[PDB]
Structure formats: structure tokens, C-alpha cells
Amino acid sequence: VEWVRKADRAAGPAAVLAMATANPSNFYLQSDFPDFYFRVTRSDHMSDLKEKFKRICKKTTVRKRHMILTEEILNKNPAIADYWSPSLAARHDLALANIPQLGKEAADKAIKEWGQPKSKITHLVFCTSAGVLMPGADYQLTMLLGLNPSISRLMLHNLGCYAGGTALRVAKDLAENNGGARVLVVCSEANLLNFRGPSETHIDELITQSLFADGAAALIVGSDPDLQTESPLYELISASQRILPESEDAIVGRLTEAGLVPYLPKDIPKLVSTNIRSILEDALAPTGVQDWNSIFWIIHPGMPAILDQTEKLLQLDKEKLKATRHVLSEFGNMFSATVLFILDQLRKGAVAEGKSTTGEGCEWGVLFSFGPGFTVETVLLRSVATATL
């Protein structure tokens, strides 16, 4: 047993102290999206392509998606509705006028749950794949919120769908190595760089237009909680990034003049199914857990088939993925903020249903996300007793 200076560092593991989410008011029901999509993109003459997009949208099990892009906005920026037209400047002007503001809606509510003054926030981690800004949205959010000008910011542009786990991994080290540090984690995502019209020669990319959506999630992360005034929800025990073998060019995205064009040539679900058991077994090794159904789950629902395959591969109870399947249905794929919507949903569900811990009665939990790499972010979570709340 060894001891060191406390000095300017924190003592215990980093905890999630607050969670809130936000979405644009405008939304589209997935049943109505095909007819809306081919109308605003000037493609009502592509009849078979419209019918195929209808069948794609039904298989996604999505029911509602919030989007900043309205029929009005697409009219004033017709280049975004085209499949490939120079529109980065237009997409970026929308990103500048929405992404920081949407994160503010989530941060304000997350700070509200926190209950502590905003001047106590020492760090800010901001993830977005919806627009590269200089200065970034981390600066705009800091100005909109009124945070300290000396805050230590960390702007993460275009990491992909796995940046949700990357944010927690970063926040863990920031909170633990700095005594009194309170880390505002914000993931404000939108389909601004991805949205485009249908293509009779690129039908593979209609699938992405059927899943992505808009939404922001905000967390307060910190070590050494003041239990008189703060209420930990989870503990961030470990967080590891991994490049999967034989995954070259699995998810590729080129930032062109017409935004991001995601390249998906490799079967992601087969790739995850080959490696998820080994990755989760390494994350759970220190816990001693030996049953998959004795932990709570947070999986990034980027592709819906992975949820069914992972459930069948590990023989999971149909209820252990209820919160993941709820966010995918009510919100779709919000890039990196999706896993944090799922964590907030899993938290709210466990409390409202009278479960013994914020992890639905289970002590340990695993958060699993993925994106370009093929990169996987794995976070081991520890729930708190709901009686402490």
C-alpha cells in the first residue's frame, strides 16, 4: 500500500453528478419521413427509390426523429437537399447558429439538476460531428452559458459515433487528477453535415438518411462529491479505446464540399459480434461478474441489427436493452450523444420503477459505442443505491 500527495489532485473515482438531454422542437414521424424526404429533395419522380426508402425506414424501428432542418430551411438552402452540391458554408452557418444553442438547452437542465453555481465548472468537453468551427462550439457554449473565461476546454470535432465514450474517458482523467474539478460534458450532434438527397446510384447511403437525427446530452462529471449538496449517479471505473482487427476502411467519412459522405463497405455487425464478447470480458474482469444478465447495458444503436445480434449472442433478457431500444425508437441515431440519452433513460427508468440502484438494480454496467476505426470505446460503470437520492 502506497500513498502520495493529495496536492492539487482529487482522491476518489470520477462520478456522474448530473445528466440532461435536449432536442430541437421540430421532429418527423418515421412513417411520414419518406414522403417528406423525397418532396423536399425534389425527388418525387424516383418512385422505386421512394418505395425502397419506405421499406428501409420501417426496418429501422425508429418512430420519431428531431431535426433542425425544416421544410423552410431546406428551401432557403437548396444545396443541402441535393445529393452532392457545394454547401459546407451553408451547413456550417446552421451549425454555428444551432449546435452551441442546443448544447445550452442540455447544459442548463443538467446544471439545474446539479444544483451548484456555474462558476464551479472548471472543465468543458464538447463533441460534435455536425460542423467544424474556429473557434469551435466549445467557445460559443462557454460564452452563451456565461462560464468562466479561464475554463479549460477540450473541443472534439468529427470523431464519429463513438465520441460519447471518448467524452467519458476524457472526463474521468480531468476530474480525478484535479481536486475540486467539475467537468461539463456536452455532446451536441446533428445531421447537418450528413443530410443530403437520394441518389439512384448511391442507394447504400439511403440507410444513413433513415437513422441519423439531432439531439444534445450534457453531463456533470467530478470526483470527491460533496454529499451534503451533490448526488452521484454513476462511477466511471474504467474507459478504454480499441481498434478492432481486420477493420481497415470499415467506416470512412470524407469532409467534401457537400459535407460528410460516410463510406460503409465492411459489415459492422459481423465485426462487432466477433469482438464484443472479448472486449466486454476484459472490461468486466476486475468486477468478478460472470453472468451477462447481472449487469446493465448501454450499447450505441447505430445499426439496429447489432442490438438483436448482441442479445442473441450473449443470451440477454429482453428487458436489459429496453432503454437502448427506447432512445433509438423515440430519437433515432444522434451520433455520439445517443449513448448518453440511453444512460439518462436507463437512470430515469430505474428510479421511476423502484429499482435498487440507478443501474436497474445491478451494481456494474458497461457502456459500448463504436465508429470510424473500426474504433470501440468501452466504459465500465458502477451504479449508486437509489436510496441515496
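All residue numbers are counted from 1 along the displayed sequence.
Across the two stretches, 28-36 and 336-344, the PDB entry reports the greater mean Cα temperature factor for 28-36. Taking only CA atoms, the mean B-factor in the PDB entry is higher for 300-308 than for the other of 154-162 and 300-308. Across 261, 130, 221, 127, the entry's maximum B-factor at the CA atom is seen for 261.
Within the listed group 205, 93, 176, 189, the record reports its top CA B-factor for 205. When the modelled residues of the chain are ordered by C-alpha B-factor, residue 292 sits in the highest third. In the deposited entry, the Cα temperature factor of residue 365 places it in the middle third of its chain's modelled residues.
The PDB entry assigns residue 238 a C-alpha temperature factor belonging to the lowest third of its chain's modelled residues.
Sort the modelled residues of the chain by CA B factor and residue 42 lands in the highest third.
When the CA B factors of the chain's modelled residues are split into thirds, the value for residue 66 lands in the lowest one.
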